[PDB]
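Visitor: Chains as they are written, first to last, in the entry's author numbering: chain 1D, 2 to 272; chain 1X, 1 to 93; chain 17, 1 to 46.
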Amino acid sequence: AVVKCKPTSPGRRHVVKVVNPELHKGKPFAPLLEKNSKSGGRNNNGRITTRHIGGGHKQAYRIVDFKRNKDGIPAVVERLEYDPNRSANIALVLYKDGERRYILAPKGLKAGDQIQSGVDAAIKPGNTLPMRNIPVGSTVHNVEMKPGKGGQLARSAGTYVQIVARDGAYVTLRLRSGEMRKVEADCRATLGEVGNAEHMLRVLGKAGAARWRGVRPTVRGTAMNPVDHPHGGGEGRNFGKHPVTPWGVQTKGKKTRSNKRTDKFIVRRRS
Amino acid sequence: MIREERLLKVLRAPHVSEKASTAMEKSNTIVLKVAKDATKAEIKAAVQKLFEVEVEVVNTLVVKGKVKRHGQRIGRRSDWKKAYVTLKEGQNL
Amino acid sequence: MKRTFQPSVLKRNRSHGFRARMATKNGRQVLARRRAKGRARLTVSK
RNA sequence: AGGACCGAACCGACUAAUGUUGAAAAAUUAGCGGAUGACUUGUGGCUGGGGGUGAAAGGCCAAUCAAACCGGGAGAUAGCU
RNA sequence: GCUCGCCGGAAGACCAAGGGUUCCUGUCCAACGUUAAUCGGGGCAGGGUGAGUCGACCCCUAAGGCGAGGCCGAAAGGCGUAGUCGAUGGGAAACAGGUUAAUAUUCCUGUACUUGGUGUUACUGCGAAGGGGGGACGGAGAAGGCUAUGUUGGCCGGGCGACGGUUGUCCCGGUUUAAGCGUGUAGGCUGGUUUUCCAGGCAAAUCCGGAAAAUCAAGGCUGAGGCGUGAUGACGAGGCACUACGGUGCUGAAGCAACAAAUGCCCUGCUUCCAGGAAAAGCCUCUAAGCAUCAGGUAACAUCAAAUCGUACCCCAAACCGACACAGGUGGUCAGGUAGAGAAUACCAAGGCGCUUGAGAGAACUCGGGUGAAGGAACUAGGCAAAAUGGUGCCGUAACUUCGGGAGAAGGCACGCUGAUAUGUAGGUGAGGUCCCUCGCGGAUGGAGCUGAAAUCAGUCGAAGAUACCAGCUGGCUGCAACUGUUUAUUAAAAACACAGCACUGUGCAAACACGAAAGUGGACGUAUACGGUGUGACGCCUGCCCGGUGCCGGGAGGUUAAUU
C-alpha cells in the first residue's frame, strides 16, 4: 500500500512511501547471500566513470534465479521478501526435492502458490517455459535474449513484455520501451508481470532519502565555470549554449545507438 | 636444545648492580649478559652445564643502547640481552 | 592549528620505504641516483 | 515517528573587541549555528598535474593552484630596468 | 615545614598514535632555560624495561595491493586467473595482594586457567583444501532486573575540644576483599523424541534440506546478578619496638545491614521501522580418498612444552604536529561528595597545580571589568557594542495556515524558611511471623524497618526566595530562497550550490555514457517503474504566441561532391 506521511516536520510533508505487509520481516535466507562491494562509481583505475554514486546503505546480494531451468520439479512459494538490489520483490521458493531458490516475484503471486518451469509447465503466473510454447498475445517478464543465458528483459517492478507474433524460429516482442524486437523462440520467458507496480508512486520527500539509496548531488553545468563544463559560467544567469554533455556532445536529440550487429533484431524503434 | 660449542658462547658476563645483588640475596637469582641471539633454553642449559647448578626459570630482556651526541655527530652503544637466571632453592655458586 | 605533517610509521614506510622504491622501475632509479650521490640514508629505515 | 524542538560533549564559524615586529604565518575572549543525521570521528585504502576531486567557491590536491612539487632542456628569451 | 590560592567530565588518572632514554640516582652549571639558578626534560657517569594466559608475531579474512601461466600494449609497461599478502574487524588461557630509587596482570606470595606433545588406563569409527551448521552482523525505541558506586544506620577504634555549649539524638575515621570453582536465578529463544522414504547440498553422508507416520507433553539452548566457595588468607585505623628521622620491623579492631542507583551488565536481547544492515578461519557436525587388531577419536591421572620481539618515560602534552619549555592541533578509556534535568554550572574530595623575570609606584593613554544623577537611540551608514530577557508549575495566548503549525506567541500568578494535616504524607522498597509447595536463588500471606516527592492550612525573616553560577528579549510590515543541509581552509555563508518534485532527451543490454592506443573495468552482478545527460527547483493557481535566424530531428528525387578507375 502507498501511504502519505503527516507533516510533523518539513522533510516529512511530501514523503509518500510504498508499504507492503506481504513482505517477510527481518532476515533473508542466508545460503543465497553474497557480498556486495560498493563502488562509488569508480572503475579499476580508481576514476569516477559514472557520477553521482556514493554512500547510502550497505547491502547484501541475493542470488536470484533468472534462468528458471530446474525443469519438471514443482515448487511452492514460501514468502515474498524485500531485495535491496532491485525495485521488484523476490519470492523464496521451495522445490519438491528440498532445494530453495529466489525468483522475481510476479504480480499476484503469494505464499502457497505453486510454480514450475519446463517445456510443459502450465500456463499460469510465475511459470517459465520457452516462448515457442507460450500463446501469442500473452504477457511475460524476465525474458531471455539468448536460450539458457538467463532473463534480461522486463525485470524492474511493474514491467512486462507482450508476445505479439511468432514465426519461424523467432518471436516478436513488444518491449516495455515500446520497441518491437525479434528474439529467438527457444528463449525462456515467465508468465505474468513483475510485481510491485505501485513502486513508481513513491515520493522520496527529502534529499536524505536519495542519499540513503546512494545518489549523490547533481551539479548543473550552467552553475559551473567554463573550464569545468561547456555550459560555461557567465555573469549572473547566462546560457546561450547549445546544450551539451560535460564532454561537448549534443545532449537533447542526438541519437547515440550505434550497433550494426544487432540492428536486424529491431522490428520498430521506440517512439 | 644444546651443542657444547654453542653453549660456551652464550654467556658473556656477570652484570653487577644493586638490583642484581638484591636479586641474588632475596631470590637466588643471578643476572647475566648473554648472547644477543640466545634463547631461554640455551641460557638455562649453558648455566646448568658450565656453572654446574640447577636452574628453575630464565627471564630475559633486551637493553636498548644509549645514544651520545658529539657536536654534530651521534654515537650509539650496542643493544644487549639481559638474563635473570633463577637458581633452585638449594643455592650454590 | 592542525599542521600538514601527521606522522604514521606504517604509512611512511609504505609510501617511501625501501621496498616501495624497489617495487617500480622509477623507484629503483630514486635509489640509483641516491647511491651515486653517495647518500648515507637510502630511505628512512628502522 | 521525525534531514522535529531546547541544550553540553562533538562538528561548525554569523557579530564585535583584542591581537597585527601576535601567545598564534588565521588565533583569543564574549556572544553565535548544527547537535539521530545529506551527522561526526579513528585506522588503512583508492583517484596524480591539462590530471584528480569538487552539494560548483576556479574551491582543494602538504602554510601563495586560472594548471602542484622536484630534477632536467637551462646560461629559455628579455628591442626592458 | 606551616599557611593562602587555582583545576577537579580536569589543569586528575590510563591507553593508542607519535617520540626515543626525556625514566631513576649521583655529580656538575659554561652553553641551553626569555631573569638568578645550588634547580631542570641541560652536561657527564652509572643504573633501570623480567610474561604460556597484556600486546605483537601467529591462524583468518575486508577495502585494496601484488600476481606463476595468461590477455593486452612501439619499448617501458597496463590489466588479471590460480594464488599470495593486507586490520582499522574474527580466533585459546590470570587474577588479588606484596615488593624496587626506577618494572610488574611480567618479580614474589596466594589461588587459577588454556592449548599441544608424551605415557598409562578404560571405552570407541577415525579420516578434508570438500558438504552443512556456526561464527554472522542495521537504525530507532521501550523498561524491567541488576551490578559499579553513593547515602544513612549499625559495628569497631579514637575523641571530650585555644572562646559561650559539647558523656550525647555528640565529633572524626574505617567498615575493603579478585580471577577461578560450585549453584543455573530475573529473564530471552525454541516444542521434543523415534522410525521410514527422497530429482537438492559439484562424489559421499549417519549431517543439512524435503516428505510421511508414531508418540509424549516437558525437553533443550542462552543467561546478568545474587549466594556459597576462593579466604585457616590478603587488605585494614591504630598500637608497640627501633631508626642515620628518609624510614624499617612486629602486631592488628570492626569489616554488617537497609535504601538509593547508572550512559556499565542481562541485551548479538525484546518491540518496531525501512534505508533491509562484511568476509574467512577457529569451533561443532557429515562423510570422500583412504586406514582397518594399526592409526586415530573421547576421558581421567601423570608428565613435558608454550619460543621470539615489545614492556622504561611523555602522552589532549615543556617529551607528539606546530622553527620556541609556543594561549593553537591531537583518537579511545575512567566518572567520587553537595546543589542540579544534566557529562551544563558553582563549590569541594582523590590527585595535580600557582602557568621560569621579579620589586615598587598608583600620571596620561591603551586593554579587560564594576557602579552611575537627569534624559533614554537624541549615537551611528546601522541600536555596532552594551544594557535587557532568562527556571519550573499552573492559568492564558491573535492574524495566518499546507491543519503539523504559528506557540515558550503575547501576558499573568506562585516560588524561602518553620509547624500542622502526617513527631515522614501519596508512592517506592520490603524483614520477622504463618501457611503451602512439583522444596527452591520458590509461591502466597504479612506488614516491621528503611526511603520519600508534592499539596493545602497556619506562622515567620529580608528591600529582594527561579536570590549565586547558570539561564529565551518581545511584537508589527516587507524583499529573497520552500524547507534540514552545502560553499570561497586563510577578508564573501548569501538571494549563491544542493534538495525532494517536474520536464526534455538519449539508452534493448556486449545499453547509452565514462576511464583506458588495448586488454580490462565502472554503468550493474542493474534491464525502460532501469541507467546517463540537460534544464527547472517544495507546494498552490498556472505555464500563451513565434520554426524567419542558430541548433537539432526526419527525407529522398535533383544539383554539386573524395579516394578510386
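Where is the CB? At the ideal position from N, CA and C, for every residue including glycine.
1. Which residues mark the beginning and the end of the alpha helix (DSSP H) in which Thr191 (chain 1D) is found?
2. Should the stretch 242-258 of chain 1D be called in touch with the stretch 70-89 of chain 1D, which here means at least 3 C-beta pairs below 8 Å?
3. Please name the residue, chosen from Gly90 (chain 1X), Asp37 (chain 1X), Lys49 (chain 1X), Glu42 (chain 1X), that lies closest to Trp80 (chain 1X) on a Cα-to-Cα basis.
4. So what does DSSP say about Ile124 (chain 1D), is it helix, strand or coil?
5. Ordered along the chain, which non-local residues of its own chain (more than five positions away) have a Cβ less than 8 Å from that of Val216 (chain 1D)?
6. Would you list the residues sitting across from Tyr171 (chain 1D) in a DSSP beta bridge?
7. Quick one, are the C-beta atoms of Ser88 (chain 1D) and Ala170 (chain 1D) less than 8 Å apart?
8. How is the beta strand (DSSP E) around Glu79 (chain 1D) delimited, first residue to last?
9. Under 8 Å: do the stretch 63-74 of chain 1D and the stretch 91-102 of chain 1D share three or more Cβ pairs, one atom per stretch?
10. Does the distance from the CB of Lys111 (chain 1D) to the CB of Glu180 (chain 1D) come in under 8 Å?
11. Given this structure, state the Cα-to-Cα distance separating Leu61 (chain 1X) from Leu32 (chain 1X), to the nearest angstrom.
12. On a CA-only basis, which of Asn239 (chain 1D), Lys265 (chain 1D), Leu192 (chain 1D) is nearest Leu130 (chain 1D)? Give me that one, please.
13. Would you say the beta carbon of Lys64 (chain 1X) is closer than 7 Å to some non-hydrogen atom of the ligand MG?
14. In the DSSP output, what is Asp72 (chain 1D) paired with across the bridge?
15. Going by DSSP in three states, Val65 (chain 1D) sits in which element: helix, strand or coil?
16. State the start and end residues of the unbroken beta strand (DSSP E) segment that holds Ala83 (chain 1X).
17. Within 10 angstroms of its Cβ, does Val44 (chain 17) collect 16 or more other Cβ (buried), or is it exposed?
18. Output yes or no for whether 8 Å exceeds the beta carbon distance between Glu185 (chain 1D) and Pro107 (chain 1D).
19. Quick check on the burial criterion: 16 or more other C-beta atoms within 10 angstroms. Buried or exposed for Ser10 (chain 1D)?
20. For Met1 (chain 1X) versus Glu42 (chain 1X), is the C-beta distance shorter than 8 Å?
21. Using only alpha-carbon positions, find the residue among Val120 (chain 1D), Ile124 (chain 1D), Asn128 (chain 1D), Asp121 (chain 1D) that is nearest to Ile104 (chain 1D).
22. Taking the continuous alpha helix (DSSP H) assigned at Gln48 (chain 1X), which residues delimit it?
23. Flag this pair as yes or no: are the beta carbons of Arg182 (chain 1D) and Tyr161 (chain 1D) separated by less than 8 Å?
24. Going by alpha carbons, who is nearest to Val85 (chain 1X) out of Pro14 (chain 1X), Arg69 (chain 1X), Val67 (chain 1X)?
25. Out of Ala211 (chain 1D), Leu33 (chain 1D), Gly206 (chain 1D), point me to the one whose CA is closest to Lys7 (chain 1D)'s CA.
26. When DSSP labels each residue in this structure, what does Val53 (chain 1X) get in the three-state scheme?
27. Does the distance from the CB of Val165 (chain 1D) to the CB of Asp114 (chain 1D) come in under 8 Å?
28. Taking DSSP as the reference, what is the three-state secondary structure of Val58 (chain 1X)?
29. Can you give the beta carbon distance from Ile135 (chain 1D) to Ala190 (chain 1D), rounded, assuming they're within the 8 Å contact cut?
30. Comparing alpha-carbon positions, which option in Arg6 (chain 1X), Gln91 (chain 1X), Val16 (chain 1X) lies nearest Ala45 (chain 1X)?
31. Let me confirm a value: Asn44 (chain 1D) is counted as buried when at least 16 other C-beta atoms fall within 10 Å, else exposed. Which label applies?
32. Taking all protein chains shown into account, do 16 or more other C-beta atoms lie within 10 angstroms of the C-beta of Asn197 (chain 1D), making it buried, or fewer, making it exposed?
33. Between which two residues does the beta strand (DSSP E) harbouring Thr22 (chain 1X) extend?
34. Could you give the distance in angstroms between the alpha-carbon of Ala23 (chain 17) and the alpha-carbon of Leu42 (chain 17)?
35. Suppose you measure from the CA of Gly109 (chain 1D) to the CA of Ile91 (chain 1D); what does that come to, to the nearest Å?
36. Which residue's Cα is closest to the Cα of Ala31 (chain 1D): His15 (chain 1D), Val3 (chain 1D), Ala61 (chain 1D)?
Guide: So, from the data block:
1. No alpha helix (DSSP H) contains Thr191 (chain 1D), which is instead part of the beta strand (DSSP E) from 189-192.
2. no
3. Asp37 (chain 1X)
4. coil
5. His53, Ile54, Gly57
6. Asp168 (chain 1D), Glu185 (chain 1D)
7. no
8. 76-82
9. yes
10. no
11. 11 Å
12. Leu192 (chain 1D)
13. With respect to the ligand MG, the structure shown offers nothing to examine, as it has no ligands at all.
14. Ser118 (chain 1D)
15. strand
16. 80-87
17. exposed
18. no
19. exposed
20. yes
21. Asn128 (chain 1D)
22. 40-50
23. no
24. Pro14 (chain 1X)
25. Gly206 (chain 1D)
26. coil
27. no
28. strand
29. 6 Å
30. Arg6 (chain 1X)
31. exposed
32. buried
33. It is not in any beta strand (DSSP E) - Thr22 (chain 1X) instead sits in the alpha helix (DSSP H) that spans 18-27.
34. 15 Å
35. 12 Å
36. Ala61 (chain 1D)
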